[PDB]
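Asks: Next up is a structure, given as structure tokens.
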Amino acid sequence: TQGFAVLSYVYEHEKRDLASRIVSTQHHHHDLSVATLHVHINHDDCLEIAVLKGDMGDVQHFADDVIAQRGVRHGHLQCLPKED
Amino acid sequence: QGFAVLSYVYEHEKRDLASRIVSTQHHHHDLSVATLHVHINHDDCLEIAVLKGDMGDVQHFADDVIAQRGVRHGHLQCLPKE
Amino acid sequence: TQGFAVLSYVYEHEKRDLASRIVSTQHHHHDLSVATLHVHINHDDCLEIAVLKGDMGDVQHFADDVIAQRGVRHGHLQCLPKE
Amino acid sequence: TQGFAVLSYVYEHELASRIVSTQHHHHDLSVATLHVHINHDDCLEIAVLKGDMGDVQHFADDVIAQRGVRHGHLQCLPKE
Ligand code: NI
Ligand code: NI
Ligand code: NI
Ligand code: NI
């Protein structure tokens, strides 16, 4: 199953090791990443929305790795598998 | 007194660089609307930040970002209120 | 209660009194809009992700109105009320 | 040369639908677009493009020269 997905999550930017982790993972799987929207919602917290593209198993595995990191809050995935 | 588009390229593994870029933007989160990030290759990221506020304050904030060691291709488009 | 939300949906850009309606209603409510990301996922379909901010009841009501337009598909609202 | 590019512009939406359709004609050129509804009438959009710099100046023509598009700017980032 190919498709798209929308992955969103909140984190504190001052948690530097977490943040570096999040961007680096996206670069490692940069093939799966289309682009990410970031809102610095307040002094401490960031809301990010990553648009992903690829095989749905791969997209979900990737999303899991992100959402299952201590410090990531409100992790959410919307899967958009290819339509006929 | 307006909007602005701030764009730049940087290496995300440069830990201090990356830290300062996001930290400066959170210090002025009131001047920030939203940022689009594109991972252009394994090392480099492209960000485009839309800014809003007093043009003096927005320029000074954009300068603070652009002036950081390792920020490349920095560009500011000012859009003062019409 | 106040907060943020992520409203996403898919639409055909050619069926576009629809696209005009979708941008126009966001402008009528631009106080709720932060910014919107668009990805042209294929030649016919557009994925939009609208970040919203405000009262969560107004955000819900706004989002329901967007999603109820015929031709908006995959309408999805993720609410992030203030913690 | 290949690379990326940033195309920004302002327009009155009440146009939005043809600019979108115009980018779909080139959707292989498009990465994603950020849009901010800056006031009741006007939209700010920033399109990130990727591909051949000549297709990119091409894309950026079918938008920037259109009537009603203001504040257009193209930044090309040829691969380093
Ligand atoms: Ni942030
Ligand atoms: Ni990146
Ligand atoms: Ni589109
Ligand atoms: Ni708009």
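Identifiers in this document derive from the order of the structure tokens: chains are assigned A, B, ..., residues are numbered from 1 separately in each chain, and ligands are numbered from 1 in order of occurrence.
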Extract, using only C-alpha atoms, all DNA, RNA and protein residues at most 6 Å from residue 32 of chain C, discarding same-chain residues fewer than 4 positions from it, and format them as a ChimeraX atom specification.
Replies: /C:52-54
Asks: Could you dump the residues just selected with N, CA and C atoms as a PDB file, in the first residue's frame?
Replies:
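Output below, filename out_13.pdb:
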ATOM      1  N   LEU C  52      -4.905  25.818  13.079  1.00  0.00           N
ATOM      2  CA  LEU C  52      -5.868  26.760  13.655  1.00  0.00           C
ATOM      3  C   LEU C  52      -5.547  27.057  15.118  1.00  0.00           C
ATOM      4  N   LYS C  53      -5.979  28.221  15.598  1.00  0.00           N
ATOM      5  CA  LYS C  53      -5.786  28.611  16.985  1.00  0.00           C
ATOM      6  C   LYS C  53      -7.028  29.388  17.432  1.00  0.00           C
ATOM      7  N   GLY C  54      -7.557  29.022  18.586  1.00  0.00           N
ATOM      8  CA  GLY C  54      -8.613  29.835  19.178  1.00  0.00           C
ATOM      9  C   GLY C  54      -9.411  29.008  20.167  1.00  0.00           C
TER      10      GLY C  54
END
Asks: Set the cut-off to 6 Å, count only C-alpha atoms and all ligand atoms, and list whatever residues fall near ligand 3 as a ChimeraX atom specification.
Replies: /C:39-40,46 /D:20,24
Asks: For segment 68-74 of chain A, work out the shell of residues within 9 Å, counting only C-alpha atoms and skipping chain neighbours fewer than 6 positions away, then give it as number ranges by chain.
Replies: A: 8-12, 15, 18; C: 80
Asks: Please identify every residue of chain A that has at least one atom no farther than 9 Å from an atom of segment 32-41 of chain B, counting only C-alpha atoms, and for each give the shortest atom pair and the distance in Å to one decimal, arranged by chain then increasing number, as CSV.
Replies:
residue,atom,partner,partner_atom,distance
A:23,CA,B:39,CA,8.7
A:26,CA,B:39,CA,7.7
A:27,CA,B:39,CA,6.3
A:30,CA,B:39,CA,6.6
A:33,CA,B:39,CA,7.7
A:34,CA,B:38,CA,7.1
A:35,CA,B:38,CA,4.9
A:36,CA,B:37,CA,5.1
A:37,CA,B:36,CA,4.7
A:38,CA,B:35,CA,5.1
A:39,CA,B:34,CA,4.8
A:40,CA,B:34,CA,7.1
A:41,CA,B:34,CA,9.0
Asks: Select the residues contacting ligand 4 at a distance of at most 9 Å, based on only C-alpha atoms and all ligand atoms, then format the selection as a list in words.
Replies: residues 23, 24, 26, 27, 30, 35 and 36 of chain C; 11, 12, 13, 16, 35, 36, 37, 38, 39, 40, 41, 42, 43, 44 and 45 of chain D
